[PDB]
Amino acid sequence: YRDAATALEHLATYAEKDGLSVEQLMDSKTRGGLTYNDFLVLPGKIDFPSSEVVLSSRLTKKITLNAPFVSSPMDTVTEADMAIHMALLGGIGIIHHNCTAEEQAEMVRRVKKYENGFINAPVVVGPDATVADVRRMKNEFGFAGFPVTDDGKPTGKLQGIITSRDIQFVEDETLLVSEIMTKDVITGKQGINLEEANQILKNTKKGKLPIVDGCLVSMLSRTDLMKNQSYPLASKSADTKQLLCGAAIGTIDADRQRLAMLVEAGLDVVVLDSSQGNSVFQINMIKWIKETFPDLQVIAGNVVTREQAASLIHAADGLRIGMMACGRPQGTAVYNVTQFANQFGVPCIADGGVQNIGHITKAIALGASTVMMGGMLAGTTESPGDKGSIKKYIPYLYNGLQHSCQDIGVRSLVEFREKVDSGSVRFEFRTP
Amino acid sequence: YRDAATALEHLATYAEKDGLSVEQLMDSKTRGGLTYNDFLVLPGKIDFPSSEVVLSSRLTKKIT
Amino acid sequence: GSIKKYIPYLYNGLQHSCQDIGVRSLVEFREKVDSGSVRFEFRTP
Amino acid sequence: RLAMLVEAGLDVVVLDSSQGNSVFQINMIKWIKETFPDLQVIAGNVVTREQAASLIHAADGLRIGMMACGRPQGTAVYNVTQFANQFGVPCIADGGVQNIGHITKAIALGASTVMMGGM
Amino acid sequence: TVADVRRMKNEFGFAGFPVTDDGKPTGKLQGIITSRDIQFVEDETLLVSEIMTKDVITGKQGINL
Ligand SMILES: Nc1nc2c(ncn2[C@@H]2O[C@H](COP(=O)(O)OP(=O)(O)OP(=O)(O)OP(=O)(O)OP(=O)(O)OC[C@H]3O[C@@H](n4cnc5c(N)ncnc54)[C@H](O)[C@@H]3O)[C@@H](O)[C@H]2O)c(=O)[nH]1
Ligand SMILES: Nc1nc2c(ncn2[C@@H]2O[C@H](COP(=O)(O)OP(=O)(O)OP(=O)(O)OP(=O)(O)OP(=O)(O)OC[C@H]3O[C@@H](n4cnc5c(N)ncnc54)[C@H](O)[C@@H]3O)[C@@H](O)[C@H]2O)c(=O)[nH]1
Ligand SMILES: Nc1nc2c(ncn2[C@@H]2O[C@H](COP(=O)(O)OP(=O)(O)O)[C@@H](O)[C@H]2O)c(=O)[nH]1
């Protein structure tokens, strides 16, 4: 028999590495169209803990996410609650367009204002406002920390602040806010930095830090600091410290106005929702959105072929992949589209057919940047209307992906993409 | 990364179009006998409404 | 149900499938498929 | 834990890992050989040729068998066993064995012994 | 230590702990420490006395509920 010390040396003797390369596995001529279940990714070398794995994924060319998890823009999956929690857990949610423009615009607004660094146009109450009116406002707005202004206007002179603790055990509901409102409120001078303002609030050990000019400009909340502390992988705007929000719109002329209202609500990413996205209408819309709203990131699709991706890219911040009579197997569609699309630096979303961690790992291995979940997320508490809360569930998927990455021998999604493309990562076709 | 304006130009770089031709798909020697459920037709370019589609079919040489 | 409702449904459905494919007529579809313009993918079980 | 087991007259030690191609298991194999030389060490689980080479370079025997990450057992046993058999390292075919036919097929593919746990 | 108070909160489930000189429930009251006090404390090695509220509002014994 051969010596044990010659194993690595003898290993080089073989013409090719054990298993199949991505190019060999994804052969339309020999193996045909494939799905996630049709193949497996072979294990490599484990020299790092699963903890060290980085799951940062690029949703668009200008947008990067901590976890590559995207909520589908479906009536039964993504709403204001689902979008907020998905962003909070290092993922983003696309709001469903199966509603009026006003209704959809409000949902984007709610997600944008759930967490803030500097509160803009903060809700304020009049000095003559009744205690009952403040209680009526809390259920309506969902928050009870309202500063008091002389004219009842957001930019009015600041006369004090009223909170939940102030009216919590008030026997008389007919009393004015002025009598029940805190007389002296700790505030920060206008022009102060967010870090400097946060320091003043931390020392003060108070719930709110209104910012004045002595008129009211913006307000800081202790709660936001707690939200940031509790969720450190949350997907939010670095400049505003607000959760990133995505919405789904049509390719019709009527959606041009609907998009305007959504953009006005602070919408960060727009996804063009089409079964077949390779149309003149969607191509014309992409150009219109770029000219009309340049700062907005546009995700174009759905595209299942290389030609479709080229056309949408020539117009597209990101690409949505996934499509009875007309369509393509998801595994084959992701690799072919992603192979061409990846060259131009366009991140691609693998949409549909994702029910487990294995599907997520396989989809990314095939060249996908992020994966869209719509059947899995459905039945969660955060979903409109049982798999439990996404708070517990999203952390589970994130941990699972790290372990699968460790078994493969890749410390990051970026390394995984490079190793698979380099042929280092090996695959095996699975028989029925 | 490659420029976005070079996508269509770069598209011609590939030896053959994405997907299989009818001749390639209908191979008795390699894929064997096939049925309707066994294959799918890939989407192309949509520059017309569905309304404009004409479904006129020839039942016989003299009947349409 | 009645074929009056059902036949119109099949006719509309065929038009949509033709639109997704990128062919404006059955004649064009036949020519494009024969020309190799139309592409197909084998489906695994 | 191994020291106490060795003290009890333990003959063969199997390193229990879903993926056995790690620095920790590689370091453990060397530690066990230096600390308890008489003990026979079975390393794994390995489903690929590269994994087997790494564990062999460290392994008295190899344990073969591994959703998102894994390999079909028939393909894994032949590929691992083909390389491993050259160095005189007996390989155990672990998992998927429910009948005599599986046992016969596993050995035919180059496996030395078969592991039974559901049966 | 501030860390000990944090360790106590998970163990007891509440963080509103008054401070006594001898550390006994019936000891002289020197102040009270709560969740808001240690919520954003960068240094975990600090004593409770420095981070504990200096003046605490209390009720005389024999007072009705
Ligand atoms: N509020 C608000 N939030 C928005 C808005 N838009 C978005 N949001 C978001 O919604 C979230 C608000 O959540 P929250 O602040 O936890 O809920 P809330 O209902 O606003 O809090 P409250 O119950 O009012 O606090 P509570 O009165 O219980 O303690 P505290 O304020 O310390 O009270 C303790 C005592 O100290 C006094 N006090 C409080 N602050 C004071 C100050 N600066 N100076 C002097 N005194 C002060 C008070 O009067 C009170 O009696 C934030 O994440 C925020 O970003 C908006 O328009 N308004
Ligand atoms: N605590 C406790 N609970 C038990 C025990 N056994 C059973 N329980 C039960 O457990 C429950 C306790 O729940 P809880 O009180 O809501 O939770 P907790 O962790 O104790 O509250 P905390 O977060 O400490 O309040 P927090 O500090 O956020 O606000 P506050 O105390 O106003 O802080 C605001 C600021 O004001 C200062 N402050 C607070 N009180 C002060 C006072 N009297 N005088 C002067 N200053 C005061 C504080 O230092 C803080 O900075 C109660 O139902 C209680 O009956 C026990 O042994 N201990
Ligand atoms: N008011 C407020 N401040 C925030 C928020 N998120 C972060 N900060 C500030 O940012 C600092 C911590 O930065 P870090 O958490 O690393 O930034 P992140 O990566 O955006 O979460 C703290 O000093 C906070 O004052 C927020 O949602 N609201």
Side-chain angles (χ1 to χ4, degrees), chain A residues 66 84 88 90 109 111-119 121-125 134-135 137-139 141-148 154 158 160-168 177 180-182 185-188 193-194 197-202 204-212 216 218-238 240-244, chain E residues 5-6 8-10 12-19 25 29 31-40 48 51-53 56-59:
Chain A
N66 287 317
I84 291 176
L88 275 175
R109 176 164 299 107
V111 162
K112 288 305 303 188
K113 272 222 152 193
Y114 176 90
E115 172 172 356
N116 289 108
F118 270 112
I119 302 184
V123 176
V124 314
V125 66
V134 176
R135 274 175 174 157
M137 279 177 58
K138 174 175 189 189
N139 280 356
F141 291 99
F143 40 83
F146 302 116
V148 186
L158 186 64
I161 183 176
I162 199 179
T163 62
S164 302
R165 272 208 171 189
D166 294 323
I167 74 173
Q168 187 67 78
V177 294
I180 295 288
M181 63 154 37
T182 283
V185 32
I186 292 56
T187 70
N193 80 348
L194 175 73
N198 276 182
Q199 187 65 10
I200 293 315
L201 194 185
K202 289 193 176 190
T204 179
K205 274 183 290 194
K206 294 292 190 182
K208 306 291 162 281
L209 197 304
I211 310 295
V212 292
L216 170 73
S218 62
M219 189 172 79
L220 289 173
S221 170
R222 181 189 191 85
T223 284
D224 289 329
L225 282 179
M226 303 204 57
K227 281 180 178 176
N228 169 52
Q229 169 179 131
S230 272
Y231 303 104
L233 281 187
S235 287
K236 46 182 181 176
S237 160
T240 77
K241 300 288 171 184
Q242 270 182 143
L243 295 177
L244 291 194
Chain E
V5 176
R6 274 175 174 157
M8 279 177 58
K9 174 175 189 189
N10 280 356
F12 291 99
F14 40 83
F17 302 116
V19 186
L29 186 64
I32 183 176
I33 199 179
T34 62
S35 302
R36 272 208 171 189
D37 294 323
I38 74 173
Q39 187 67 78
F40 300 127
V48 294
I51 295 288
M52 63 154 37
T53 283
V56 32
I57 292 56
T58 70

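Ligands are counted one by one from 1 in listed order, and the atoms in each one are counted from 1 as well. Atoms considered below: every heavy atom in the structure, side chains included; atoms not considered: hydrogens, waters and symmetry mates. Naming convention: chains lettered A, B, ... in sequence-line order (proteins, then strands); numbering from 1 in each chain.
- Interatomic distance, NZ of A/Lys241 versus CG of A/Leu220, reported as 12.0 Å (0.5 Å rounding).
- With atom 4 (C) of ligand 3 as the reference point, the heavy atom nearest to it among A/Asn193, A/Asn198, A/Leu243 is part of A/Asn198.
- For the pair E/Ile32 and E/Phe17, the minimum side-chain heavy-atom distance is 4.5 Å or more.
- Taking a cut-off of under 4.0 Å to the non-hydrogen atoms of A/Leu225, the atoms of ligand 3 that pass are 3 (N), 24 (C), 25 (O).
- The shortest N or O to N or O distance between A/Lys227 and ligand 1 is under 3.5 Å.
- Close contacts between ligand 1 and A/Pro122 involve ligand atoms 57 (O) [criterion: under 4.0 Å to a heavy atom].
- Both the backbone and the side chain of A/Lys241 come within 4.0 Å of ligand 3, judged by heavy-atom distances.
- Inter-residue side-chain proximity for A/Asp166 and A/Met181 is flagged as unmet; no heavy-atom pair is nearer than 4.5 Å.
- Rounding to the nearest 0.5 angstrom, the gap separating the OH atom in A/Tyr231 from the CD1 atom in A/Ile84 is 11.0 Å.
- Between A/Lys236 and A/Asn228, some side-chain heavy-atom pair lies under the 4.5 Å cut-off.
- Scanning A/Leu220, A/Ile119, A/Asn228 for the heavy atom closest to atom 8 (N) of ligand 3 points to A/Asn228.
- Atom CZ of A/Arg165 has 12 or fewer neighbouring heavy atoms from other residues, nucleotides or ligands inside a 6.0 Å radius.
- Counting atoms of ligand 1 from 1 in the listed order, those under 4.0 Å from a heavy atom of A/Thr223 are 13 (O), 14 (P), 15 (O), 16 (O), 52 (C), 53 (O).
- Taking each of A/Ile119, A/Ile167, A/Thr163, A/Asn116 in turn, the one with a heavy atom nearest to atom 26 (P) of ligand 1 proves to be A/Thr163.
- Atoms of ligand 1 lying under 4.0 Å from any heavy atom of A/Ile161, numbered from 1 in the order shown and given with element: 49 (O).
- The atoms of ligand 2 that sit less than 4.0 Å from any heavy atom of E/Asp37 are 48 (C), 49 (O), 50 (C), 51 (O).
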request  = Using the side chain to side chain contact (heavy atoms under 4.5 Å, CB included) rule, take E/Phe40 and A/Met226 through it: C-alpha gap first, then chi angles, then the decisive distance, then the call.
outcome  = CA-CA 9 Å; E/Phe40 300 127; A/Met226 303 204 57; 3.6 Å; yes
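- In summary, the atoms of ligand 3 found under 4.0 Å from a heavy atom of A/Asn116, numbered by their order in the structure, are 1 (N), 2 (C), 26 (C), 27 (O), 28 (N).
- Taking each of E/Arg36, A/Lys241, A/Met181 in turn, the one with a heavy atom nearest to atom 29 (O) of ligand 1 proves to be E/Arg36.
- A distance-only check finds a donor-acceptor pair linking the side chain of A/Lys227 to the backbone of A/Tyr114 [under 3.5 Å].
- The shortest N or O to N or O distance between A/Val123 and ligand 1 is under 3.5 Å.
- In this structure, NZ in A/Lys206 is found 14.5 Å from CD1 in A/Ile200, a value given to the nearest 0.5 Å.
- Listed by chain and residue number, nothing satisfies the side chain to side chain donor-acceptor pair (under 3.5 Å) test with A/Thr204 (two or more places apart in sequence, or in another chain).
- In A/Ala144, the parts holding a heavy atom less than 4.0 Å from any atom of ligand 1 are both the side chain and the backbone.
- Here the side chains of A/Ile186 and A/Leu209 are in contact, with some heavy-atom distance below 4.5 Å.
- Geometrically, ligand 2 and E/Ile33 share no nitrogen or oxygen pair separated by less than 3.5 Å.
- Of the N or O atoms in A/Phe143, none lie within a sub-3.5 Å distance of an N or O in ligand 1.
- A heavy-atom distance below 4.5 Å is found between the side chains of A/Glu115 and A/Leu88.
- Short contacts between ligand 1 and A/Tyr114, defined as distances under 4.0 Å to a heavy atom of the residue, involve ligand atoms 9 (C), 53 (O).
- Atom OG of E/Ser35 sits about 10.0 Å away from atom CZ of E/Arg6, to the nearest 0.5 Å.
- In the vicinity of A/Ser221, heavy-atom distances shorter than 4.0 Å reach the ligand 1 atoms 15 (O), 52 (C).
- Here the shortest heavy-atom distance to atom 22 (P) of ligand 1, taken over A/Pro147, A/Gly188, A/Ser164, A/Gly142, belongs to A/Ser164.
- How far NZ of A/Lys205 is from OG1 of E/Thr34: 7.0 Å, rounded to the nearest 0.5 Å.
- Contacts with ligand 3 closer than 4.0 Å are made by no heavy atom of A/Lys227, backbone or side chain.
- For a threshold of 3.5 Å applied to N or O pairs, the pair formed by A/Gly207 and ligand 1 contains at least one separation below that value.
- A 4.5 Å side-chain heavy-atom check between A/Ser235 and A/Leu243 finds every atom pair outside the cut-off.
- At least one heavy atom of A/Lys236 lies less than 4.0 angstrom from ligand 3.
- In A/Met219, the part holding a heavy atom less than 4.0 Å from any atom of ligand 1 is the side chain.
- Listed by number with element, the atoms of ligand 2 under 4.0 Å from a non-hydrogen atom of E/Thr53 are 37 (C), 46 (N), 48 (C), 49 (O), 51 (O).
- Each of the following atoms of ligand 1 lies closer than 4.0 Å to a heavy atom of A/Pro210: 43 (N).
- The side-chain heavy atoms of A/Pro210 and A/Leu158, taken from C-beta on, include a pair separated by under 4.5 Å.
- Applying the 4.0 Å criterion to heavy atoms of A/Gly117 picks out, from ligand 3, the atoms 1 (N), 2 (C), 28 (N).
- Taking 4.5 Å as the limit, some side-chain heavy atom of A/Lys113 sits within range of a side-chain heavy atom of A/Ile119.
- Atom numbering of ligand 1 starts at 1 in the shown order; those under 4.0 Å from a heavy atom of A/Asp224 are 52 (C), 53 (O), 54 (C), 55 (O).
- Within the listing of ligand 3, atoms 26 (C), 27 (O), 28 (N) sit less than 4.0 angstrom from a heavy atom of A/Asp224.
- In this structure, of A/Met137, A/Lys138, A/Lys208, A/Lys205, the residue bringing a heavy atom nearest to atom 15 (O) of ligand 1 is A/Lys208.
- Ligand-side atoms of ligand 1 in range of A/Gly145: 1 (N), 2 (C), 18 (P), 19 (O), 20 (O), 24 (O), 58 (N), range being under 4.0 angstrom from any heavy atom.
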